[PDB]
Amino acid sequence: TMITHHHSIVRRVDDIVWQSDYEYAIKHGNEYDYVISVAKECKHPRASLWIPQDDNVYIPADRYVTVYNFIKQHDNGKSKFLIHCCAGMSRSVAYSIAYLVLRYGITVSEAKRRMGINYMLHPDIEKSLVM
C-alpha cells in the first residue's frame, strides 16, 4: 500500500564559527564570509576550503590543523565561518571540536559542552581528536 513520510542542524562553535549540515550551508551559506566543506560528497558550490573527508575514519591532525589555520589566518574580527558535512552530526562536529581544542586550549569534553554535543562520534574519530 502507498506510504507518505518525511525523513536543519546548525550549532554555534565560537564568536566567529558555526557548524551545520549541507542543507543549512546551501540555504544560508551567503550569510557567511567563508564556507568550509569537510565531506567528500557534500562540497558547497562556493566552498572557500574543501577537505575531501570520508566519514567514520581516523582524521589525521594535518586536516584538523588545515581548517584551524584557515579560520585563524582569515579572522579579521569581521568574518564569519561555516563548517559543514552532509548530515552535520559527525565530520563537521569533529573539525569544529578540533578547532576549539587547538585555538582555546580546552579539552574535547569542554568543546562538546560548549557546542552541546552530548553523544560519542565513531570510535576512530573520537581517537583522532586526542592530538
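A residue's number is simply how far along the shown sequence it sits, counting from 1.
When the C-alpha B-factors of 101-109 and 22-30 are averaged, 101-109 comes out higher.
In the PDB entry, residue 64 places in the middle third of its chain by CA B-factor. Among the modelled residues of its chain, residue 76 has a C-alpha B-factor that falls in the lowest third, as given in the PDB entry. In this PDB entry, the Cα temperature factor of residue 85 sits in the bottom third of its chain's modelled residues, the lowest group. Ranked by Cα temperature factor within the chain, residue 48 sits in the lowest third according to the deposited record. Sorting the modelled residues of the chain by their CA temperature factor places residue 57 in the highest third.
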